[PDB]
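Some notes on the structure that comes next.
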Amino acid sequence: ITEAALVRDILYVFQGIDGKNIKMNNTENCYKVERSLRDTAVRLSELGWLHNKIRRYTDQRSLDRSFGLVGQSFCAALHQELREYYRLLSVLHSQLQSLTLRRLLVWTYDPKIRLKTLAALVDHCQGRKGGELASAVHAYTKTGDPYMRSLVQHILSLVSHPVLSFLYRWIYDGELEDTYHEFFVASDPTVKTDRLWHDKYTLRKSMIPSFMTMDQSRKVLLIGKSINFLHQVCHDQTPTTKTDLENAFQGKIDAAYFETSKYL
Amino acid sequence: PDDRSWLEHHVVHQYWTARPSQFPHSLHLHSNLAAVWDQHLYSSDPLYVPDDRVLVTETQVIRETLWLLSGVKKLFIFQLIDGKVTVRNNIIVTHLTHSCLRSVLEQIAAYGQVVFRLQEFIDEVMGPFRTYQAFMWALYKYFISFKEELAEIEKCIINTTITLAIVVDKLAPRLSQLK
Amino acid sequence: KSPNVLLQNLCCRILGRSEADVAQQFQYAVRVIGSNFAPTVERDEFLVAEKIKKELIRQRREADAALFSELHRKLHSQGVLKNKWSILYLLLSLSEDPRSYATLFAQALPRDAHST
Amino acid sequence: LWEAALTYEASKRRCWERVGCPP
Amino acid sequence: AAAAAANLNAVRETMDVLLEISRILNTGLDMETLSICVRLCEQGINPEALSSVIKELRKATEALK
Amino acid sequence: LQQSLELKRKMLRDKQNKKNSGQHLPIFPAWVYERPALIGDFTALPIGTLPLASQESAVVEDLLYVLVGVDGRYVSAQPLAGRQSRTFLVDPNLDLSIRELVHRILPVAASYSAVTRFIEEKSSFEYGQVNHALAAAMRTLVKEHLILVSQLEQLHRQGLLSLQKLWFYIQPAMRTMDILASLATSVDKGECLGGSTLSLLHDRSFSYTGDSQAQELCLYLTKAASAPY
Amino acid sequence: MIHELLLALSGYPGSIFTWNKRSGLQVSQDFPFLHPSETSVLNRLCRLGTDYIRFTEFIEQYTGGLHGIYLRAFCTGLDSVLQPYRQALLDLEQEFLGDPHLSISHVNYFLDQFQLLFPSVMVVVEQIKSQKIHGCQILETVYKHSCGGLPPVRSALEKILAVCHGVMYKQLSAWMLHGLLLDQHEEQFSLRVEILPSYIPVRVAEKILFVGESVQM
């Protein structure tokens, strides 16, 4: 059988799509050819074997509305990363009409490493939301590969935008809201009269972020508690009175802490 | 020769008369689509069904559609059978499989009936009530500026890339108004 | 086209000067073009494509390494050029960054196991 | 000469019944 | 006849592609200078030689200014 | 194959007992070790009855297959599936000339596989930030080897590469991949990690200075490994 | 072919893709001119344009069933969220004129971001039909989806939500200054408070009612 057929088929199985004489029978086995070319073909189709997993996981978790905002950011990130792989593939189709450079092994060599990582990241964030998910992308920033550290640091900047938007409502106003469990403070459903201060706000220690210590969470909890007591009881109202950012938390929480207590 | 050559070359005339039209093109399916679809149908053993769709090129369809959306009558494409303008199914371009064509010309014929009934109402005052007269005058006043817009678009065809899907979205802030 | 007039026209494009006002730069041009005018290393546009990709991975731009791929595709789709090696290698040599190890890089064929 | 002559404006008439090189 | 003028059209769009590859590598050529550079490379010449030529000729108009 | 499964868990217990200020250290999934096609190393008629000037083309295509890991049709990569050792068998029916010429080209296959094992086992997080930066700069020279073999593949395709040219062409890359294989052996045997494999590279940089081609190799590798430290 | 797709993604099914109101744009025909695996690509691509038809059917019937000026504000925003899906379909045919090598994969690539807009806004279009919303409580039901999880549907609904607040500044402008209400029918009596969204508190509503009643005297 000619080589030209299997080259078109292996060009289709990079997307995750069976060829004409390449078929997929068992999902835990790699793609099988229907002699030397058949032996060569398997190492390239390992990519499609993993691509099915990484597509299916970010398919399911993105349409799941119990998975929450944190992590649907991660799905949006993974979708943006699979996009650029299809950007490669759409050009690679047009480059035929030799292209078989060790049967495209030097072509697939650099995607093979940008796809092992997302396969690690989907399984280390499995069934986890909030700060448990944030630590699970921060864990792969402990690598010593600079290309890998630069790769994962972008996705962490994607996941940390919802939590930081939740932070800036909690410091400034004292308001707290969630219909899921992704924040580090857990409010009491009872809305107390003057027993508020001790019981209205409790610390959710399971969902403290991977850039915040326990010290940081408790210290900003005191500020949010005070600025909530200022509104729900004292009835005073004054407007414009309230990943790393390279030590900008420890200044903003510091200024807000002083202002609320001195005015109280 | 002398006069028939000046006709034959520079005037379009083949398709709105009874004559087999010859048209060169760049073959190979992406715009040879009608012929490839007929080859597949005949290879799948129809049996015969000798379909006769004469031919037209694409841009002439655009200008006849614009003249129908204007409100003037008597065009070759768009036959009508009771006063409602409908598709002529005797035509093929080089593509559109005769089914996409039959749908898109039906969609613009739906607006053609809208403009045709109102120009019929406008004609039945032009050959005494004095409020109906003011009402049809209001519709006439809308229609003259409307026909100016399509007529200036038609001049830009003689000179950009234009197709059917471009001019329908171009006439979108007016075809919404006509309804 | 005649080579000598082609070099002094280059001296007239980069220097803001007439073609009877420059003969000194074109004399330097004759010094370098003579004795390096025939190939001294074998031609391969494949290598210089993967060395422009080597420049673009040096700046960690995979999307522009794939833009160079569609550009290099259009170059083959038309095919009106004959020496594809020299102009891309020339463009590669004048590379700057818009924002060690070079003896560990690979080399092309020396034209000593082949006729010069 | 040919590439000084290259600098004339491109055509604005495109054919969709000709997908390969419609000037 | 007809193809001999559309062939040079097929030269122009490649000449436009190299106009992108020139500006993303920050080269001192413009579009007119690159046309002469393609006329140089079709006849066959080491581009290290031309590059050394321009690497001196560019430093001999700003060293006198 | 089997023995690599111990080391990661054994060091994971040490780094798990050390760290009580943070939990859940990252590791690769299981199939990353399971599949033999993530690495390069795993109708047919006897070559002996062929003429000689067809045998040369056949054997050079087979050897170019062997360089990148996959087997040739007439030389088999022997299954051991254990340590940095790997052996190869050519058939005994080939003419004695071409085999004596082939046998001196074969060790660059063995210093390609033994390097390849070190890129998979020694990139996990029980070997640390220093070994990750060491390994991430050793994969680069493997990629440059892939570049070299793709260009010689192109030359061979049009019938313009022979064994006598090929023998001359691969020798500097043979020396590079031999340096990489010897250092991989030395790190694997002593079970070294941390600053103990930055003392090793400080000595190894002085140790090999034969043409100052390899001295600059290990000079780049010690700059690469010392960046996380 | 590659313009035949561009009418399938628009409102022209043709003979190749047979539209049905239970599962539309179907192809199960055998092609000697297309590869066997090509069908698979089209099948995934079939999920996109199908939704563009269904949204379009929803815009035709509206503007004793549902009534309201609230439904005349959701729909207008659904036009604007489909506007770049018009523009990024006009761009393709411009690109296809010169280039003959642009296959289906570039269309799948370029319109990959509408496999995140469309499925997260289709639940919003199904939600108002499965449970009927016709009062002033449309702003809550849209406002919980603009928080979203993904950036495209997060902005796409905010474009819609601004005009739903804007129609609510025609009622709260005529009532408070000119003493005019029921110039447009809803869906002393001055009540609107039950259908008002719950993130709007009771204090501002009791202020609004008194200010409106004072103009009558």
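FYI, it's all coordinate maths here, none of it is from the lab. Methodologically, a virtual Cβ is constructed for each residue, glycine included, from the backbone with ideal geometry; neighbour enumeration extends over all protein chains shown.
Structure above, values below:
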{"read-out": "Pair list, Cβ under 8 Å, 6 or more apart: the range A:101-121 residue more than 8 Å from chain F (Cβ to nearest Cβ) and among the hydroxyl-bearing types (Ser, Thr, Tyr), other residue buried (at least 17 other Cβ atoms within 10 Å of the Cβ) and assigned to a helix (DSSP H, G or I)", "value": "A:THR108/A:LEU44; A:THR108/A:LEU47; A:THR117/A:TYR140; A:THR117/A:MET148; A:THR117/A:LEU151; A:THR117/A:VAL152"}
{"read-out": "Single residue of F:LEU160, F:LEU146, F:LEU141 found to be out of contact with any helix residue (DSSP H, G or I) (no Cβ under 7 Å at 6 or more places or on another chain) and either within 23 Å of A:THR108 (Cα to Cα) or not in a helix (DSSP H, G or I) (or both)", "value": "F:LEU160"}
{"read-out": "Members of the range B:104-124 found to be surrounded by fewer than 18 Cβ atoms within 10 Å (Cβ to Cβ) and within 14 Å of another protein chain (Cβ to nearest Cβ), listed by number", "value": "B:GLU106, B:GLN107, B:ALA110"}
{"read-out": "Residue tally, condition hydrophobic (A, V, I, L, M, F, W, C) and either within 22 Å of A:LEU104 (Cα to Cα) or more than 10 Å from chain E (Cβ to nearest Cβ) (or both), over the range C:31-65", "value": "9"}
{"read-out": "Of residues in the range G:129-149 being crowded, with 18+ Cβ neighbours inside 10 Å and touching a helix residue (DSSP H, G or I) at 6+ places or on another chain (Cβ under 7 Å), the one farthest from A:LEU78 (Cα to Cα)", "value": "G:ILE133"}
{"read-out": "Checklist (1) in contact with a helix residue (DSSP H, G or I) (Cβ under 8 Å, 6 or more places away or on another chain); (2) part of a helix (DSSP H, G or I) applied to B:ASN89, failing item", "value": "(2)"}
{"read-out": "Every residue from the range G:100-117 that is at the interface with chain A (Cβ under 9 Å from one of its Cβ atoms) and assigned to a loop (DSSP other than H, G, I, E, B)", "value": "G:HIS101, G:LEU102, G:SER103, G:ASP112, G:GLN113"}
{"read-out": "Condition check for A:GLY130: buried (at least 18 other Cβ atoms within 10 Å of the Cβ), in contact with a helix residue (DSSP H, G or I) (Cβ under 7 Å, 6 or more places away or on another chain) and over 28 Å from A:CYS75 (Cβ atoms)", "value": "no"}
{"read-out": "Inter-residue pairs, beta-carbon under 9 Å, first more than 7 Å from every other protein chain (Cβ to nearest Cβ) and in the range A:125-144, second among the acidic types (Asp, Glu) and assigned to a helix (DSSP H, G or I), 6+ apart", "value": "A:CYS125/A:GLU132"}
{"read-out": "Test: A:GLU28 is acidic (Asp, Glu), more than 9 Å from chain G (Cβ to nearest Cβ), touching a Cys at 6+ places or on another chain (Cβ under 9 Å) and over 28 Å from A:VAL159 (Cα atoms)", "value": "no"}
{"read-out": "Scan of the range B:164-179 for residues that are within 14 Å of B:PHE143 (Cα to Cα) and surrounded by 12 or more Cβ atoms within 10 Å (Cβ to Cβ), ordered by number", "value": "B:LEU171, B:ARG174, B:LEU175, B:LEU178"}
{"read-out": "Some residue of the range F:188-203 being in a helix (DSSP H, G or I), within 18 Å of F:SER226 (Cβ to Cβ), of a type in the set (A, V, I, L, M) and in contact with a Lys or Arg (Cβ under 8 Å, 6 or more places away or on another chain)", "value": "no"}
{"read-out": "Restricting the range B:31-48 to residues that are assigned to a helix (DSSP H, G or I) and within 14 Å of chain D (Cβ to nearest Cβ), the residue that is farthest from B:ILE92 (Cα to Cα)", "value": "B:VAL36"}
{"read-out": "From G:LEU25, G:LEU48, G:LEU92, G:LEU6, residue being buried (at least 16 other Cβ atoms within 10 Å of the Cβ), of a type outside the set (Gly, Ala, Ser), in contact with a helix residue (DSSP H, G or I) (Cβ under 7 Å, 6 or more places away or on another chain) and within 10 Å of chain B (Cβ to nearest Cβ)", "value": "G:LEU6"}
{"read-out": "Boolean, B:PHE76 is surrounded by fewer than 15 Cβ atoms within 10 Å (Cβ to Cβ), under 12 Å from the mean Cα position of the chain (by Cα), closer than 25 Å to B:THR161 by Cβ and not β-branched (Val, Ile, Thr)", "value": "yes"}
{"read-out": "When residues of the range A:33-68 are limited to those that are of a type in the set (D, E, K, R) and either surrounded by 20 or more Cβ atoms within 10 Å (Cβ to Cβ) or within 12 Å of chain F (Cβ to nearest Cβ) (or both), the one nearest to G:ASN43 (Cα to Cα)", "value": "A:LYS53"}
